[PDB]
Amino acid sequence: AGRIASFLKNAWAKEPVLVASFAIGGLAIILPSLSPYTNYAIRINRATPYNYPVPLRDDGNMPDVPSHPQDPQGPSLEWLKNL
Amino acid sequence: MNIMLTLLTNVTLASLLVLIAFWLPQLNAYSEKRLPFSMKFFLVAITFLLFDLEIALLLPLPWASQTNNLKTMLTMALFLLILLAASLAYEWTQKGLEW
Amino acid sequence: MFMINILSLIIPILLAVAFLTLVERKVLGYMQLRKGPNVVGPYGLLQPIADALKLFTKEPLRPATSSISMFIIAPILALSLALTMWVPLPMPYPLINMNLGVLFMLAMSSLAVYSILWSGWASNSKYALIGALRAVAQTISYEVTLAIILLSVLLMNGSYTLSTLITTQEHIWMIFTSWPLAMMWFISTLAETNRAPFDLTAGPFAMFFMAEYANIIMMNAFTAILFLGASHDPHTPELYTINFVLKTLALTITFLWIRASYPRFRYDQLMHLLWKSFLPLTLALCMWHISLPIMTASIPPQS
Amino acid sequence: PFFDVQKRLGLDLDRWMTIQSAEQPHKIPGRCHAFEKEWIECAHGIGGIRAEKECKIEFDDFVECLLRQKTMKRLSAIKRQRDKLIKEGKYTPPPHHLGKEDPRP
Amino acid sequence: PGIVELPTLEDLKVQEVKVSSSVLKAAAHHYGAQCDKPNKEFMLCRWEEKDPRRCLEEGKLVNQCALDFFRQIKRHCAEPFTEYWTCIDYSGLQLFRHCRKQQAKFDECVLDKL
Amino acid sequence: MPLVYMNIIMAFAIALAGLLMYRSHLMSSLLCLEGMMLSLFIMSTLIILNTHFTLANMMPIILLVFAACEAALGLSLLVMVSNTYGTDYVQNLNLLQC
Amino acid sequence: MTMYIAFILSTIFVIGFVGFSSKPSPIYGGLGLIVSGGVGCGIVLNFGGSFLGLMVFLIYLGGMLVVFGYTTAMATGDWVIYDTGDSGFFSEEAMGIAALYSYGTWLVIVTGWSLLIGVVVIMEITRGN
Amino acid sequence: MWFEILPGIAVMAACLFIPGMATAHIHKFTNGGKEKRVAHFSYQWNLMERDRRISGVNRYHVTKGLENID
Amino acid sequence: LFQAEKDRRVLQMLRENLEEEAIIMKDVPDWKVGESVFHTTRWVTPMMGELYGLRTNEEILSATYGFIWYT
Amino acid sequence: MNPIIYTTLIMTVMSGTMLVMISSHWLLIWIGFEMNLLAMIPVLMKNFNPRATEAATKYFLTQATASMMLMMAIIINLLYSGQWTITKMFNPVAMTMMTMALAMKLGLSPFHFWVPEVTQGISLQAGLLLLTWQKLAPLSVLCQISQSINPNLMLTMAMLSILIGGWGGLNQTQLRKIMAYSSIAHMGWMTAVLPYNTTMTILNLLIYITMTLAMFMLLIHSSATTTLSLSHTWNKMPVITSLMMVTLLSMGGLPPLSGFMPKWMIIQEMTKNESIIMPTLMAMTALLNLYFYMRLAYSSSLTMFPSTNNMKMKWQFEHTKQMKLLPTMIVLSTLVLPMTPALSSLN
Ligand SMILES: CCCCCCCCCCCCCCCCC[C@@H](O)O[C@H](CO[C@H](O)CCCCCCCCCCCCCCC)COP(=O)(O)OCC[N+](C)(C)C
Ligand SMILES: CCCCCCCCCCCCCCCCC[C@@H](O)O[C@H](CO[C@H](O)CCCCCCCCCCCCCCC)COP(=O)(O)OCC[N+](C)(C)C
Ligand SMILES: CCCCCCCC/C=C\CCCCCCCC(=O)O[C@H](COC(=O)CCCCCCC/C=C/CCCCCCCC)COP(=O)(O)OCCN
Ligand SMILES: CCCCCCCC/C=C\CCCCCCCC(=O)O[C@H](COC(=O)CCCCCCC/C=C/CCCCCCCC)COP(=O)(O)OCCN
């Protein structure tokens with residue numbers, strides 16, 4: 001406890017560059033696992049259409065697949081607009 | 001075709017103007033009268049080469065941000081940078097950066 | 001009408017470099033409680049012409065014993081790289097639009113050390129060889145940090161395209177997003193062109209001089225584009241051109257000011273500076289800039 | 001010799017890069033995706049000797065797709081005969097191959 | 001081994017769409033919203049048959065439907081569409097961000113009319 | 001198999017022969033090794049890009065990194081040999097004999 | 001069709017290798033090697049590999065051959081095999097290269113360990129004693 | 001005084017002004033008075049090629065509007 | 001629409017190449033007009049050399065190098 | 001060097017070998033070879049001197065050339081068939097280059113020249129590691145592509161290797177060169193049975209590794225690098241000389257010792273494969289290896305060479321650092337003939 005505080009105090013003097021570098025690196029390592037917006041970033045990456053969405057052959061037993069883009073069925077990107 | 005023409009123009013202008021510079025003062029007649037091999041320079045050159053290789057590994061990062069595997073990509077990039085920091089620290093602690 | 005574009009890109013750079021030397025003397029002179037050249041011409045405006053003509057009429061002291069090959073090649077490569085580094089840049093529209101412009105600029109800077117190496121080796125002297133080795137080591141050492149900083153900054157841009165940097169900085173400058181990286185980039189650009197406080201060192205001599213000054217102006221323009229983004233209106237690019245030139249001239253005057261203001265480092269002192277202060281901070285901020293867009297869900301679009 | 005750690009542990013350390021038709025990013029297809037798929041499905045679970053003896057047609061098609069030796073030979077023969085005929089003078093190219101055609105979207 | 005069958009030039013004759021890329025981009029969203037059924041039928045047939053020679057009729061149908069779409073646009077909202085696609089054509093990247101004003105004018109004209 | 005691949009293979013063979021000749025100057029030996037690696041890189045890049053095998057675009061970078069590491073190792077070995085003998089001449093490595 | 005430009009560049013590459021493979025005055029072999037590397041970059045960039053060509057032209061030329069020259073100074077037909085379609089709205093080469101972090105975890109691990117080990121090896125060898 | 005430095009800075013400013021404005025003017029002149037079409041990613045290049053084929057004069061910037069649909 | 005037009009253009013180019021092949025290869029003894037080089041009857045995507053083999057060098061060079069050279 | 005650094009380097013060498021053996025991708029195998037080469041160099045240079053540096057640079061040159069040839073073989077195989085999996089080669093030219101690269105890595109004739117010099121330059125522990133652990137990876141790669149190798153090339157290089165080893169072992173006085181030539185001969189014996197049965201190759205590899213481990217550990221125990229220095233061992237530790245003589249007899253293939261098992265099984269398999277002249281030639285050639293083993297045994301234990309006065313002080317001190325597994329290695333290298341049918345485990 002006291003020894004660690006004294007060591008940090010001694011390092012903050014005459015060695016600020018290394019203290020700042022280690023602090024920034026450690027913070028950048030820890031924070032992503034705690035931030036809630038990394039899931040949002042992953043969702044935005046998934047929601048980016050790079051390829052042509054190939055339609056499916058309708059057989060009368062796919063209620064979750066829309067028949068037109070304006071239909072309610074399918075994923076929605078209203079959350080991205082609200083961001 | 002465009003960049004080839006641009007490079008050719010650059011080289012041609014440089015050569016022409018260098019030759020005129022080297023030939024204009026030559027037309028008028030005038031009188032017209034080891035071992036050391038320091039190791040530290042080679043060591044820093046090798047360190048530069050190794051860090052350049054690891055940078056080459058680190059270069060494709062801007063496109064790596066769009067992979068849908070954000071956690072795996074982040075872990076791998078942080079791992080690469082951590083090993084770069086470890087290489088720098090190892091060269092630091094055993095006096096590899098001394099003059 | 002492409003050769004016209006190439007010539008109208010090249011010649012004004014040469015005029016700017018020649019005129020830049022006059023500006024540098026005047027700025028230094030006025031910072032030193034005196035004047036620059038003001039006798040040759042109305043306000044020294046004819047000094048660059050006199051300097052150029054005197055240099056091109058004075059005999060070149062070829063050693064008559066060294067290899068003429070590299071002795072003549074080195075200025076060719078230096079000037080060719082200095083002039084070629086200009087085309088990728090967008091002011092607002094680039095002469096040649098390349099997808100990977102940034103990598104092209106980095107590769108040009110990487111080749112820029114061959115001129116120093118060959119000039120040192122072809123001098124036919126051991127002392128100039130030692131000086132050239134020192135300069136090459138310094139240049140490669142600082143270009144490492146240049147590359148790391150540049151990739152870390154472009155992580156907020158989305159690609160290596162130089163034109164996208166204008167869209168990135170449409171609402172805010174990149175100086176606010178990452179000022180420490182800009183600081184280290186500025187210092188590394190100082191150390192790259194052998195400028196004070198990092199300056200440890202007739203025809204071909206002026207050739208190398210114009211190559212160095214073109215590299216200086218190019219570095220300032222690249223820094224302005226990367227960190228101080230100007231607003232671009234597609235119906236009037238002249239405003240963007242004027243603002244960009246103003247920022248570039250400000251950064252060049254900043255180099256002149258820094259030269260006139262400070263003493264110079266030792267070789268080992270600047271080597272330690274880099275390898276023990278810039279590299280750790282550069283790596284830490286590279287990690288931070290990798291992590292930041294993911295944490296804030298602000299990943300740049302283009303891929 | 002070959003200590004097969006991967007299949008024992010189900011790790012998939014380096015199998016993802018072995019073939020063209022295996023989970024390319026953004027579903028980018030290989031140039032010979034279909035031929036390689038057909039050859040792999042032909043030769044799966046049969047053994048090397050029987051794969052070489054029986055799946056020779058699929059392998060020949062795959063190699064033809066990869067290197068296109070037969071296609072280049074055929075095109076070269078056609079071009080050589082066309083040049084011979086135009087040298088003699090019994091053949092004249094149509095406006096399609098002279099740049100005077102009507103292009104389409 | 002074998003003979004490659006290729007349809008005759010009479011089978012490939014169709015009234016082409018003679019508008020540029022900027023014109024297509026200006027109406028791209030409405031074109032996708034309106035002409036979706038033939039285009040999706042064509043694309044499903046395209047990935048299912050894996051053969052261009054088996055999808056000529058669907059190509060003709062999608063060309064006809066696009067022609068009908070553009071004919072309706074010309075009949076009703078020629079001028080706002082002209083301004084919108086001129087704006088889109090001026091920009092090098094053809095950005096929708098540049099003239100949301102003309103985009104809104106075209107959108108409101110289309111909503112009011114068709 | 002087109003003529004560009006033949007040219008690249010001939011370049012690699014020329015580099016290999018130059019490496020195996022050993023007139024002198026082990027530095028030239030490392031240069032020949034690096035030329036062989038450059039031929040490898042160019043040929044692999046052409047083969048990978050031609051067939052649109054996207055996942056193999058990783059390989060040339062790995063090859064370049066590993067080969068440049070080997071080149072640095074060889075440079076260090078040559079430096080120590082030269083420091084021992086004063087020059088990088090090949091014939092000075094005759095102390096160990098069969 | 002410019003007189004088989006790829007063939008011309010390949011031949012220039014071969015002549016460069018002939019030039020520096022004779023090993024005269026290792027500095028001149030070095031210059032021949034930069035020439036050949038530039039020609040190889042031209043070939044790669046002309047074929048379509050922008051990122052890999054710039055990768056060569058940066059790393060190889062600016063680091064490795066520069067270190068080689070430093071150490072030396074311290075001492076004394078075509079166009080038919082091409083594609084037909086398009087790539088989408090992205091460059092396949094850059095995406096396949098960037099997939100190294102999402103797909104090539106094993107490659108990244110082994111390469112990083114190899115580079116760290118190489119640093120250790122260089123330090124140990126140059127220790128001397 | 002210090003403002004005597006200004007003529008050289010202004011000469012440099014004009015010299016640096018020349019390239020950007022010259023390039024923009026040439027791009028407008030050679031692209032039918034509009035911004036030059038930039039084409040990465042091989043898709044907008046296909047768009048340019050299609051425009052060139054549709055124009056009928058073998059020039060991409062010659063735009064065919066809704067009047068060409070008959 | 002772009003996919004449909006591309007398919008139609010490719011088919012027309014192949015048909016024209018086939019017609020000129022039939023014209024040229026008339027007197028060749030063992031030549032078969034429009035013979036496959038693949039055993040399978042599946043559709044195979046043609047090369048750049050199959051479509052532009054007999055055309056002018058200018059448009060061959062365009063179709064092969066234009067996107068790379070466009071800057 | 002620092003013990004941590006040495007341990008890490010050893011770990012890197014063995015992990016490169018493991019990556020070579022466990023990978024199904026050619027690029028990963030090349031990466032493993034590169035890792036092994038990179039981490040092997042400091043081990044050869046642990047005791048710094050001109051000799052070790054010269055040996056290390058020769059080794060680096062040879063291995064780098066072999067790796068480049070292997071990479072070109074992989075590239076040509078990929079060109080003529082878009083496959084990265086280690087299976088049938090698919091190209092005749094590619095196979096020839098892969099075989100030559102792997103033989104140069106192994107040291108097979110005529111690529112044998114580097115082995116004696118590198119073994120002479122480096123110390124005894126480095127020689128042990130080089131002659132034992134550096135053969136697992138190239139031999140594993142060769143075993144993986146056994147159906148692809150041209151039998152003529154493999155057999156002619158194996159016969160050349162055996163002839164060269166047998167002839168060169170006769171002229172040597174330094175022990176490290178003798179071990180290097182023995183390694184060359186055993187490499188030829190191993191690679192001559194690859195086209196017929198890889199189990200025989202692996203069994204020969206195990207027996208060779210055990211015997212050479214025992215011999216190198218015995219040479220480490222008594223600090224001898226030349227024949228005369230070995231001839232002084234009987235005056236202090238006669239047990240070491242007797243065990244070394246028994247081991248040397250085992251290496252010569254004399255029954256009922258362990259060394260007879262590989263030659264016997266390889267000859268039997270190659271006679272199954274209707275090959276008769278070759279095994280006879282192999283036996284008559286290995287008689288030369290036996291001859292120089294016999295000469296070494298004569299100089300070492302079966303006679304008593306003159307001693308020196310200073311050996312009395314050595315008499316009073318005991319071998320401090322004692323190595324484990326030496327008795328086990330000797331027992332395995334001398335008395336495992338009755339357990340021959342245990343080879344059916346496909347070791
Ligand atoms: C089981 C035995 C473990 C102990 C023995 C270790 C032996 C030596 C160490 C090397 C082995 C490490 C295993 C790593 C192999 C990578 C594959 C595995 O980890 O899964 C990955 C999991 O990813 C994780 O991020 C891996 C993180 C582990 C790496 C961090 C530390 C590595 C250190 C290894 C030694 C290096 C030197 C020492 C460093 C301290 C893949 O993720 P996934 O998404 O499913 O698949 C991607 C493919 N997609 C695109 C289809 C989705
Ligand atoms: C000098 C005589 C040789 C001595 C050898 C050393 C003895 C100590 C070794 C301690 C144990 C070694 C093996 C570790 C135990 C578990 C390993 C097991 O899981 O792996 C199996 C591997 O099996 C082992 O190799 C069998 C070990 C038996 C070795 C001894 C045979 C020696 C016979 C003749 C000498 C008499 C010996 C007398 C006692 C030592 C799976 O094999 P698999 O991955 O699926 O196939 C790969 C092999 N292929 C490619 C050829 C097909
Ligand atoms: C856990 C995160 C990992 C990633 C982050 C780091 C990435 C990059 C940063 C590291 C780069 C390399 C670091 C190498 C360290 C070398 C240390 C060293 O040897 O220097 C010592 C001296 O340095 C030291 O004192 C040793 C370490 C000093 C402190 C280091 C930081 C300790 C932890 C500080 C941060 C704590 C956490 C952050 C909280 C801050 C509050 C928010 C000798 O210096 P000389 O130049 O030789 O001087 C001799 C003549 N005077
Ligand atoms: C919650 C998330 C927040 C994330 C955290 C981020 C916060 C970061 C805070 C820390 C930033 C610090 C980094 C800034 C740069 C540090 C560089 C450095 O420290 O090096 C200097 C050294 O730097 C120099 O001395 C170089 C100066 C050379 C002259 C340059 C003159 C500069 C002034 C002119 C204007 C500069 C313009 C910069 C901006 C340009 C914009 C384009 C220290 O070295 P020493 O003094 O020798 O001490 C070591 C022994 N203890």
# chains A, B, ... in the order shown; residues from 1 in each chain; ligands from 1
$ residues_near_ligand --ligand "ligand 1" --cutoff "7 Å" --atoms "only C-alpha atoms and all ligand atoms" --output "JSON, numbers by chain"
{"B": [69, 71, 72, 75, 76, 79], "D": [11, 13], "G": [102, 103, 105, 106, 109, 110, 113]}
$ residues_around --residues "residue 19 (chain A)" --least-positions-apart "6" --cutoff "12 Å" --atoms "only C-alpha atoms" --output "PyMOL selection string"
(chain A and resi 7-13+25-26) or (chain C and resi 277+280-281+284)
$ write_last_selection --atoms "N, CA and C atoms" --output "PDB file, in the first residue's frame"
ATOM      1  N   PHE A   7       6.413   4.328  -4.549  1.00  0.00           N
ATOM      2  CA  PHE A   7       7.026   4.004  -5.834  1.00  0.00           C
ATOM      3  C   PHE A   7       6.375   4.790  -6.965  1.00  0.00           C
ATOM      4  N   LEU A   8       5.046   4.908  -6.945  1.00  0.00           N
ATOM      5  CA  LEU A   8       4.359   5.692  -7.967  1.00  0.00           C
ATOM      6  C   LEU A   8       4.730   7.167  -7.874  1.00  0.00           C
ATOM      7  N   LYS A   9       4.859   7.689  -6.651  1.00  0.00           N
ATOM      8  CA  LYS A   9       5.302   9.067  -6.471  1.00  0.00           C
ATOM      9  C   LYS A   9       6.710   9.282  -7.009  1.00  0.00           C
ATOM     10  N   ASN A  10       7.620   8.340  -6.747  1.00  0.00           N
ATOM     11  CA  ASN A  10       8.991   8.475  -7.225  1.00  0.00           C
ATOM     12  C   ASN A  10       9.062   8.339  -8.741  1.00  0.00           C
ATOM     13  N   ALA A  11       8.208   7.501  -9.330  1.00  0.00           N
ATOM     14  CA  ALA A  11       8.195   7.344 -10.779  1.00  0.00           C
ATOM     15  C   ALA A  11       7.560   8.537 -11.480  1.00  0.00           C
ATOM     16  N   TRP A  12       6.539   9.148 -10.871  1.00  0.00           N
ATOM     17  CA  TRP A  12       5.919  10.328 -11.463  1.00  0.00           C
ATOM     18  C   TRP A  12       6.915  11.471 -11.585  1.00  0.00           C
ATOM     19  N   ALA A  13       7.883  11.538 -10.677  1.00  0.00           N
ATOM     20  CA  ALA A  13       9.005  12.447 -10.826  1.00  0.00           C
ATOM     21  C   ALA A  13      10.119  11.771 -11.615  1.00  0.00           C
ATOM     22  N   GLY A  25      -1.581   2.748 -21.912  1.00  0.00           N
ATOM     23  CA  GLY A  25      -1.675   1.396 -22.440  1.00  0.00           C
ATOM     24  C   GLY A  25      -2.569   0.499 -21.604  1.00  0.00           C
ATOM     25  N   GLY A  26      -2.392   0.531 -20.280  1.00  0.00           N
ATOM     26  CA  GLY A  26      -3.232  -0.279 -19.416  1.00  0.00           C
ATOM     27  C   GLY A  26      -4.693   0.120 -19.483  1.00  0.00           C
TER      28      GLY A  26
ATOM     29  N   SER C 277      11.568   8.224 -25.213  1.00  0.00           N
ATOM     30  CA  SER C 277      10.395   9.021 -24.886  1.00  0.00           C
ATOM     31  C   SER C 277       9.317   8.938 -25.952  1.00  0.00           C
ATOM     32  N   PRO C 280       7.778   4.788 -26.526  1.00  0.00           N
ATOM     33  CA  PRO C 280       6.779   4.310 -25.553  1.00  0.00           C
ATOM     34  C   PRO C 280       5.456   5.053 -25.634  1.00  0.00           C
ATOM     35  N   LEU C 281       5.496   6.386 -25.707  1.00  0.00           N
ATOM     36  CA  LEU C 281       4.266   7.156 -25.855  1.00  0.00           C
ATOM     37  C   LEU C 281       3.571   6.836 -27.169  1.00  0.00           C
ATOM     38  N   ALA C 284       1.817   3.499 -26.709  1.00  0.00           N
ATOM     39  CA  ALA C 284       0.660   3.635 -25.832  1.00  0.00           C
ATOM     40  C   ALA C 284      -0.496   4.323 -26.548  1.00  0.00           C
TER      41      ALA C 284
END
$ atom_distance --atom1 "CA of residue 13 (chain C)" --atom2 "CA of residue 246 (chain C)"
15.2 Å
$ residues_near_ligand --ligand "ligand 4" --cutoff "9 Å" --atoms "only C-alpha atoms and all ligand atoms" --output "MDAnalysis selection string"
(chainID A and resid 13:17 20:21 23:24 27:28) or (chainID C and resid 175 178:187 190 196:198 220 223:224 226:228 251 254:255 257:259 261:262 264:265 269:270 272:274 276:278 281:282 285 288)
$ interface_residues --of "chain J" --to "chain F" --cutoff "8 Å" --atoms "only C-alpha atoms" --output "compact mmCIF listing (two decimals) with N, CA, C and O atoms, in the first residue's frame"
# COMPACT_ATOMS: atom_id res chain seq x y z
N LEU J 27 2.75 -23.30 -45.43
CA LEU J 27 3.28 -22.05 -44.89
C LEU J 27 3.63 -22.19 -43.42
O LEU J 27 4.66 -21.67 -42.97
N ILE J 31 7.20 -21.75 -41.64
CA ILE J 31 7.36 -20.89 -40.47
C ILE J 31 8.05 -21.64 -39.34
O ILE J 31 8.90 -21.09 -38.64
N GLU J 34 11.69 -21.86 -40.14
CA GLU J 34 12.34 -20.57 -39.91
C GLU J 34 12.54 -20.31 -38.43
O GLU J 34 13.59 -19.81 -38.01
N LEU J 38 16.12 -19.83 -36.64
CA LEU J 38 16.38 -18.60 -35.92
C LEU J 38 16.82 -18.87 -34.48
O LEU J 38 17.76 -18.24 -33.98
N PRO J 50 36.06 -17.80 -32.62
CA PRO J 50 35.99 -17.82 -34.10
C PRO J 50 35.42 -19.11 -34.67
O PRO J 50 34.70 -19.07 -35.67
N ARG J 51 35.73 -20.25 -34.05
CA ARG J 51 35.28 -21.53 -34.59
C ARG J 51 33.76 -21.65 -34.55
O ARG J 51 33.14 -22.05 -35.54
N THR J 53 31.56 -19.22 -34.36
CA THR J 53 30.96 -18.24 -35.27
C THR J 53 31.03 -18.72 -36.71
O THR J 53 30.06 -18.57 -37.47
N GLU J 54 32.17 -19.29 -37.12
CA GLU J 54 32.29 -19.81 -38.47
C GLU J 54 31.34 -20.97 -38.71
O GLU J 54 30.68 -21.05 -39.76
N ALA J 55 31.23 -21.88 -37.74
CA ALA J 55 30.28 -22.98 -37.86
C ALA J 55 28.85 -22.47 -37.96
O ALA J 55 28.05 -22.97 -38.76
N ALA J 56 28.51 -21.47 -37.15
CA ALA J 56 27.15 -20.94 -37.14
C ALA J 56 26.82 -20.24 -38.45
O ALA J 56 25.70 -20.34 -38.95
N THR J 57 27.79 -19.52 -39.04
CA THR J 57 27.49 -18.85 -40.30
C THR J 57 27.38 -19.86 -41.44
O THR J 57 26.53 -19.71 -42.33
N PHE J 60 23.91 -21.34 -40.94
CA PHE J 60 22.87 -20.40 -41.36
C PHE J 60 22.78 -20.33 -42.87
O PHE J 60 21.68 -20.32 -43.43
N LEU J 61 23.92 -20.27 -43.55
CA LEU J 61 23.91 -20.21 -45.01
C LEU J 61 23.22 -21.43 -45.60
O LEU J 61 22.32 -21.32 -46.44
N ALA J 64 19.40 -21.51 -44.70
CA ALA J 64 18.65 -20.49 -45.42
C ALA J 64 18.48 -20.87 -46.89
O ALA J 64 17.39 -20.69 -47.45
N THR J 65 19.53 -21.40 -47.52
CA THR J 65 19.39 -21.85 -48.90
C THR J 65 18.37 -22.97 -49.01
O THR J 65 17.53 -22.99 -49.92
N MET J 68 14.86 -21.53 -48.68
CA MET J 68 14.44 -20.85 -49.90
C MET J 68 14.04 -21.85 -50.98
O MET J 68 13.03 -21.65 -51.67
N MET J 71 10.68 -23.19 -50.08
CA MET J 71 9.63 -22.23 -50.35
C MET J 71 9.30 -22.18 -51.84
O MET J 71 8.13 -22.09 -52.21
N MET J 72 10.32 -22.24 -52.70
CA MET J 72 10.03 -22.29 -54.13
C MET J 72 9.33 -23.59 -54.53
O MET J 72 8.48 -23.58 -55.42
N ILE J 75 5.81 -22.96 -53.70
CA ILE J 75 5.22 -22.02 -54.64
C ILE J 75 4.88 -22.69 -55.96
O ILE J 75 3.80 -22.47 -56.53
N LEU J 79 1.29 -23.23 -57.70
CA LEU J 79 1.03 -22.76 -59.05
C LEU J 79 0.36 -23.84 -59.89
O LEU J 79 -0.65 -23.60 -60.56
N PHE J 113 28.41 -31.66 -46.80
CA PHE J 113 29.69 -31.03 -46.47
C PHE J 113 29.61 -30.20 -45.19
O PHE J 113 30.61 -30.09 -44.47
N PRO J 116 30.10 -32.13 -40.97
CA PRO J 116 31.34 -32.31 -40.18
C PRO J 116 31.92 -31.00 -39.67
O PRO J 116 32.36 -30.93 -38.52
N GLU J 117 31.89 -29.95 -40.50
CA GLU J 117 32.48 -28.68 -40.09
C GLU J 117 31.67 -28.03 -38.97
O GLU J 117 32.24 -27.54 -37.99
N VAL J 118 30.34 -28.02 -39.10
CA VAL J 118 29.51 -27.42 -38.07
C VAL J 118 29.61 -28.22 -36.77
O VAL J 118 29.62 -27.65 -35.67
N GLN J 120 32.28 -29.95 -35.81
CA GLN J 120 33.60 -29.69 -35.26
C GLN J 120 33.67 -28.32 -34.58
O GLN J 120 34.30 -28.17 -33.53
N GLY J 121 33.03 -27.32 -35.18
CA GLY J 121 33.11 -25.97 -34.63
C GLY J 121 32.43 -25.83 -33.28
O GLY J 121 32.97 -25.22 -32.36
N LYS J 177 33.85 -34.96 -35.58
CA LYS J 177 33.75 -35.29 -37.00
C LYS J 177 33.34 -36.74 -37.21
O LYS J 177 32.59 -37.04 -38.15
$ select_by_dssp --residues "chain H" --states "helix (DSSP H, G or I)" --output "PyMOL selection string"
chain H and resi 2-30+44-55+66-69
$ write_last_selection --atoms "C-alpha atoms" --output "compact mmCIF listing (two decimals), in the first residue's frame"
# COMPACT_ATOMS: atom_id res chain seq x y z
CA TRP H 2 8.70 43.40 -39.60
CA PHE H 3 6.15 43.91 -42.39
CA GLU H 4 8.99 44.03 -44.94
CA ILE H 5 9.04 40.22 -44.65
CA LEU H 6 5.57 40.12 -46.22
CA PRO H 7 6.52 40.42 -49.95
CA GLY H 8 8.43 37.13 -49.89
CA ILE H 9 5.64 35.38 -48.00
CA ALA H 10 3.15 36.70 -50.56
CA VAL H 11 5.30 35.46 -53.45
CA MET H 12 5.44 32.02 -51.82
CA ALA H 13 1.68 32.20 -51.24
CA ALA H 14 0.99 32.87 -54.92
CA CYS H 15 3.41 30.13 -55.97
CA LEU H 16 1.64 27.65 -53.68
CA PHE H 17 -1.76 28.91 -54.87
CA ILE H 18 -0.93 28.08 -58.49
CA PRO H 19 -0.92 24.23 -58.26
CA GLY H 20 -4.27 23.67 -56.53
CA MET H 21 -6.25 26.16 -58.60
CA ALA H 22 -4.56 24.98 -61.80
CA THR H 23 -5.43 21.35 -61.04
CA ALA H 24 -9.04 22.21 -60.17
CA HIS H 25 -9.44 24.26 -63.36
CA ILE H 26 -7.93 21.49 -65.50
CA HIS H 27 -10.21 18.91 -63.86
CA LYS H 28 -13.25 21.07 -64.60
CA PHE H 29 -12.07 21.69 -68.17
CA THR H 30 -11.39 18.03 -68.98
CA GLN H 44 -17.76 3.17 -59.83
CA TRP H 45 -15.20 2.42 -62.54
CA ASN H 46 -17.83 0.11 -64.04
CA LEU H 47 -20.31 2.98 -63.68
CA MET H 48 -17.94 5.25 -65.62
CA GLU H 49 -17.49 2.60 -68.32
CA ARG H 50 -21.25 2.19 -68.65
CA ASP H 51 -21.65 5.97 -68.90
CA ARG H 52 -19.00 6.05 -71.64
CA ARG H 53 -20.84 3.34 -73.57
CA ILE H 54 -24.22 5.07 -73.14
CA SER H 55 -23.04 8.56 -74.11
CA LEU H 66 -34.37 11.20 -68.90
CA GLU H 67 -34.85 12.68 -72.39
CA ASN H 68 -32.93 9.72 -73.85
CA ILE H 69 -35.48 7.19 -72.54
$ residues_around --residues "residue 88 (chain G)" --least-positions-apart "3" --cutoff "8 Å" --atoms "only C-alpha atoms" --output "compact mmCIF listing (two decimals) with N, CA and C atoms, in the first residue's frame"
# COMPACT_ATOMS: atom_id res chain seq x y z
N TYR A 50 -22.47 -5.06 -47.55
CA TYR A 50 -21.43 -5.05 -48.57
C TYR A 50 -21.83 -5.83 -49.81
N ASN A 51 -22.60 -6.91 -49.64
CA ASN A 51 -22.98 -7.79 -50.73
C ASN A 51 -24.46 -7.63 -51.04
N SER G 91 -11.63 -3.47 -52.26
CA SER G 91 -10.49 -4.16 -52.85
C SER G 91 -10.27 -5.48 -52.13
N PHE H 41 -12.47 0.96 -55.94
CA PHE H 41 -13.30 -0.17 -55.56
C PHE H 41 -13.90 -0.93 -56.74
N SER H 42 -13.58 -0.56 -57.98
CA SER H 42 -13.92 -1.27 -59.21
C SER H 42 -15.41 -1.24 -59.55
N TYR H 43 -16.26 -0.63 -58.72
CA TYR H 43 -17.68 -0.55 -59.05
C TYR H 43 -18.02 0.77 -59.74
